[PDB]
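> Experimental structure below, sequence on top.
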Amino acid sequence: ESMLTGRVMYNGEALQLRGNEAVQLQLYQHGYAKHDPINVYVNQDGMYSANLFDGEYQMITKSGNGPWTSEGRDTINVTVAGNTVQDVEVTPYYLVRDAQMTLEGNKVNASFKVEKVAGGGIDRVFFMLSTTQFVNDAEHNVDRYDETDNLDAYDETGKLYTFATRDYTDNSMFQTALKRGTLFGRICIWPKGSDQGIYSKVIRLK
């Protein structure tokens, strides 16, 4: 069996997603009308891998699934002949730019800049803390902190967003992560209309 791999990307760059099983691509072998696809998951770094027999496939994003619009959505004809690469281009709503999360004693200061692509408005923004690198909207074994006011005031490319400072003095997992020297963070923009967040890269704060 061969491996079909690739990236979900925009303008040359793989997207930062919720890994696990939240974002799926579809592979069709009998035409789109037959509505019988193979499921392929996309990881937190925008990469997918599928174990397939050689042959002809049509690959497409799953309608409505992922922090992007249907712009340019169409089937991509793929010939799998041994291990094969095929990227998928999408148009995101937003990207999280210049993400910074800094540790100051027991406090965390997080900020970022908005890049507006398709746009449509920002539903919520939040950051996550974790003792490991696997951090997303559901997995965050130290904290998740959301802000939801005035987000329309940041709905423009280049706008700097600064979170309220958060103190983690009595969080045993946090204090342990400090002492073990292992604290990870991530930031998310949730676009209005999206089923999924778009993220910064994972940041190691300590």
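Here it is on my side, so go on. Residues are numbered from 1 along each chain as shown.
> Got the domain ranges for this structure?
1-91, 92-206 (curated CATH domains).
> what about the nearest residue to residue 191 once chain neighbours are set aside, distance to residue 72?
Nearest non-adjacent residue to residue 191, counting by Cβ to Cβ, 6 or more residues apart in numbering: residue 93, 3.4 Å away. Placement of C-beta: from N, CA and C, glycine included. Distance from residue 93 to residue 72, counting by Cβ to Cβ, to the nearest Å: 14 Å.
> quick one, which of these two is more surrounded?
Shown here are residue 93 and residue 72; by other Cβ atoms under 10 Å, residue 93 has more neighbours (24 against 11).
> can you tell me which residues contact the residue nearest to residue 191?
67-69, 117-120, 191-194, 198 (Cβ atoms under 8 Å, 6 or more residues apart in numbering).
> What segments of the protein are helices?
172-180 (DSSP state H).
> what is the residue nearest to residue 130 when sequence neighbours are not counted paired to in the beta sheet?
Using Cβ to Cβ, 6+ apart and skipping residues adjacent in sequence, the residue nearest residue 130 is residue 184, 4.8 Å away. Beta-bridge pairing of residue 184 under DSSP bridges involves residue 130, residue 204.
> Got the phi and psi for residue 163?
Main-chain torsions, residue 163, degrees, to the nearest 10: phi -70, psi 150.
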